[PDB]
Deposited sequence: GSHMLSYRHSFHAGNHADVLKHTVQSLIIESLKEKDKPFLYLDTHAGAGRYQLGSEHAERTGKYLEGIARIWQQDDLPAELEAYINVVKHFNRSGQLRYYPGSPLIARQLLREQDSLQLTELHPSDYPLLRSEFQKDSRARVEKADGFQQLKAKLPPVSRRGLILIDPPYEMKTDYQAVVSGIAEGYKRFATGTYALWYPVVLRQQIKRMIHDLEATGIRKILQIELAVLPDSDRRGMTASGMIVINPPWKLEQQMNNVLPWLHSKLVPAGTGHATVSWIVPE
């Protein structure tokens, strides 16, 4: 039976999966196959619920009739999994990739958690494009790159339960980048303590890697006491349209996700070309 999740479809999920969908839609503009690599893939999909963070996330987005055209692909995948019109299922990143990728493209998904891996495996049991491995995700940035197709989106989306996640993401990014330097790397991060993020970003600059874009949506100002008040996406080699797309949808997302106007929503270069 599909996993229940209290956090699935929260504002962080809306931003991450928005960005994942747009990157994927950009890579589909060329006929040649690409790889979708998901270092930390989770269960695949989530049974929702009135409680659950989704009420303040995807529920405030998916039935809006002023949807910016940039969200259509993402929201269309959510609708696919809730055809009766009642918000009951949220697709994880592997399923957004499963629905958006074409016949020719490939998926490589790892999940270590023994409760989620078997669910994740059955989601691709009949999909000859996809492989699912019970492996450490960070190790995949060495073992699976470059893809044979030499095109790809790599999503690095660890739990950040262990504070070492903030260093592993960066060294893993540098490991994969040396091997596949034209790939698009998307790193999801949460803002719990802002000092954590300043250090991680400083470590990313220290690698010298170029073309690093930062997309961050905050539902409250930085705090010392309130858990995750913001999340972001850091994109190495973003498709050329991504920055203008995010400038278009980010204020909209913030408007609908945070009526009170707390927090912020920003697109900026950590490191330009």
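| message | Ranges lacking C-alpha coordinates, please, mapped onto the deposited sequence and listed in sequence order. | response | Holes in the chain trace, numbered from 1: 1 to 5, 55 to 59.
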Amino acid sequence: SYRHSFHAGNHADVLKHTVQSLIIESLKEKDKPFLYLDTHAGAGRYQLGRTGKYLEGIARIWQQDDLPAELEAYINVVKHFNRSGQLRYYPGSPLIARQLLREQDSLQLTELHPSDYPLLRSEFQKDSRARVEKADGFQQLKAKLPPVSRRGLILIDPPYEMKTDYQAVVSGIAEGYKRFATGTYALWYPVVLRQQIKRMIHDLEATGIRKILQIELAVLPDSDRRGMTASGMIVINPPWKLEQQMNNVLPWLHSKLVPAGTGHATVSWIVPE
From here on, numbers count along this sequence of modelled residues.
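| query | Looking at the deposited entry, does 12 to 20 or 249 to 257 carry the larger mean Cα B-factor? | reply | The entry gives the higher C-alpha B-factor average to 249 to 257.
| request: For the higher mean C-alpha B factor in the entry, choose 194 to 202 or 94 to 102. | output: So the stretch with the higher mean C-alpha B-factor is 194 to 202.
| said: So if I compare the CA B-factors in the entry for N76, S149, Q108, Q86, which one is the largest? | reply: Checking the PDB record, the top C-alpha B-factor among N76, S149, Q108, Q86 is at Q86.
| Identity of residue with top Cα B-factor, from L27, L37, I209, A69 | It is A69.
| query | What third of its chain's C-alpha B-factors does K126 belong to: lowest, middle or highest? | reply | Its C-alpha B-factor belongs to the highest third of this chain's values.
| Cα B factor band for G172 (lowest, middle or highest third within the chain) | Bottom third by C-alpha B-factor.
| query | If you rank the chain by CA B-factor, which third does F180 end up in: lowest, middle or highest? | reply | Tercile = lowest for this residue's CA B-factor.
| task | Classify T266 as lowest, middle or highest third according to the C-alpha B-factor given in the PDB entry, relative to its own chain. | result | Within its chain, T266 is a lowest-third residue by C-alpha B-factor, going by the deposited values.
| query | Comparing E56 with the other modelled residues of its chain, is its CA B-factor in the lowest, middle or highest third? | reply | Ranked within chain, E56 CA B lands in the middle tercile.
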